[PDB]
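The form deposited in one PDB entry is given below as one chain in structure tokens.
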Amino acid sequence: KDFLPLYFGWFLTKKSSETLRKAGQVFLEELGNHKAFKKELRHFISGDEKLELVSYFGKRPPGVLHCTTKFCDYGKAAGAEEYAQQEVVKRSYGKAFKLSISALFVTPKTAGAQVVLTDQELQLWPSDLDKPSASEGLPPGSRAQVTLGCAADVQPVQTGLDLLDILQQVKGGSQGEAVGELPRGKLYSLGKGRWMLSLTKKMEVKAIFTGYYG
């Protein structure tokens, strides 16, 4: 039998990947400089003057940025075969999509970009994730994200988990008043080391849906 990709997802074009990557780095530099962030350092880290977040997020994706749909590990991951055999997955393979980025976020584990999927794109979102959005009362695909960085001991799956936690809080209405205004939008302090920049203008990135084999 044919084995499957390591994972499926939307791979950003070089140009869109660079645009988003650079914006994410600028966000880390702006956030680390912000007085609201510096004030809350004890809830972010356990050791001490200034924390450079670019250094803190010391593992970054090495190639182009991507929005993962289904991790398959060549067939060895749960639900991989069922995902890959879907008509819509085969139909979409190699095809171009536009992804809407609505927010950048930081936690003590990850730095990411929130993706708001279209209905057509949601058809490619897996229905069997460990800790699916629906398990927390959120719409499927809510945790779609592009990972921009993570801390030394952190794994890729963490970014979507962190986003789900942030979105659950906003749902609770504990987003709070903005604590600052950055060039690209309002900054929110969600507690427990968690920060969100809500973009005034959503960032559209071009991507191709396909399979990565490593």
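The numbering used is simple: start at 1 and walk along the sequence shown.
Keep in mind that the form deposited with a small molecule bound is not shown, yet the notes after this line are about it.
- Using a 4.5 Å cutoff between non-hydrogen atoms, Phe209 does not count as a contact of the small molecule in the deposited complex.
- Taking the partner from the other structure, the small molecule in the deposited complex has a heavy atom within 4.5 Å of a heavy atom of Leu6.
- Contact check for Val157: a non-hydrogen atom falls within 4.5 Å of the small molecule in the deposited complex.
- Interface residue remark: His34 is not counted as part of the site for the small molecule in the deposited complex, having no heavy atom within 4.5 Å.
- Residue heavy atoms within 4.5 Å of the small molecule in the deposited complex occur in exactly one stretch of 24 to 32, 180 to 188, 50 to 58, 63 to 71, and that stretch is 63 to 71.
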